[PDB]
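Colleague: One structure follows; several queries about it will come next.
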Amino acid sequence: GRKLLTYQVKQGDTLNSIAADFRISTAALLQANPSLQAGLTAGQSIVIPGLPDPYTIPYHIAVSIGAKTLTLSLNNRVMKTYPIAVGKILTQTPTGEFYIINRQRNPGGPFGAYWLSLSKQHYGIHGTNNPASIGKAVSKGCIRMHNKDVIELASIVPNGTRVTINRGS
Ligand SMILES: *C(=O)[C@@H]([C@@H]1CC(SCCNC=N)=C(C(=O)O)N1)[C@@H](C)O
């Protein structure tokens with residue numbers, strides 16, 4: 001069958017934060033990972049029960065802050081590239097990986113057609129009513145694009161898509 005997801009926590013992470021960071025209960029992430037009853041540890045690896053494994057999944061989101069574009073990739077080759085908010089002077093390479101964990105039903109409002117979640121706190125892939133700041137403005141690091149674009153990606157990238165955000169060089 002298809003495997004459940006793995007996560008590797010970064011220095012400073014905490015149980016509750018990570019659980020509902022994964023849109024789940026700490027107890028469920030505990031059930032699968034009794035190491036975490038007590039807590040989480042930098043570089044430690046944890047399973048996300050009820051969520052499939054990103055290695056069964058072939059999808060690879062390469063959004064380099066340096067590249068200022070988020071590249072979709074299947075089977076070692078890109079699917080398509082979407083523009084995102086990087087900034088005009090924002091350094092510090094976040095050496096970590098996130099996963100496309102969720103997609104939300106048509107909200108009905110300016111939430112941007114779809115709400116897709118990343119795996120670390122204040123990061124998400126979503127939509128907009130204003131795409132003109134996308135890739136061309138300092139929108140405080142918002143990973144949003146056109147409605148249909150974020151639904152394209154949405155339906156292709158599954159509940160465990162690998163996504164990295166790095167300034168590169
Ligand atoms: C980016 O497009 C916005 C930015 C988004 C957010 S956080 C929104 C909710 N995310 C999910 N919990 C902003 C914020 O300050 O909270 N603003 C930018 C253009 O203002």
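Residues in the structure tokens are named by chain (A, B, ... in the order shown) and by number from 1 within that chain; ligands are numbered from 1 in the order shown.
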Ligand 1: which residues are within 7 Å, counting only C-alpha atoms and all ligand atoms? Reply as a ChimeraX atom specification.
Modeller: /A:122,124,139-144
Colleague: For region 160-166 of chain A, list every protein, DNA or RNA residue within 6 Å, evaluated using only C-alpha atoms, and leave out those in the same chain fewer than 5 positions away; present the list as a PyMOL selection string.
Modeller: chain A and resi 54+59-65+93-94+97-101
Colleague: When you look at residue 80 (chain A) with a cut-off of 12 Å (counting only C-alpha atoms), what residues show up, excluding the ones that are within fewer than 6 positions of it in the same chain? I need them as a list in words.
Modeller: residues 59, 60, 61, 62, 63, 69, 70, 71, 72, 73, 74, 149, 150, 152, 153, 156 and 157 of chain A
Colleague: Please report, as number ranges by chain, each residue of chain A to which DSSP assigns alpha helix (DSSP H) when run on this structure's backbone.
Modeller: A: 15-19, 26-31, 147-156
Colleague: Which one is closest to residue 21 (chain A): A:78, A:118, A:4, A:84? Count only C-alpha atoms.
Modeller: A:118
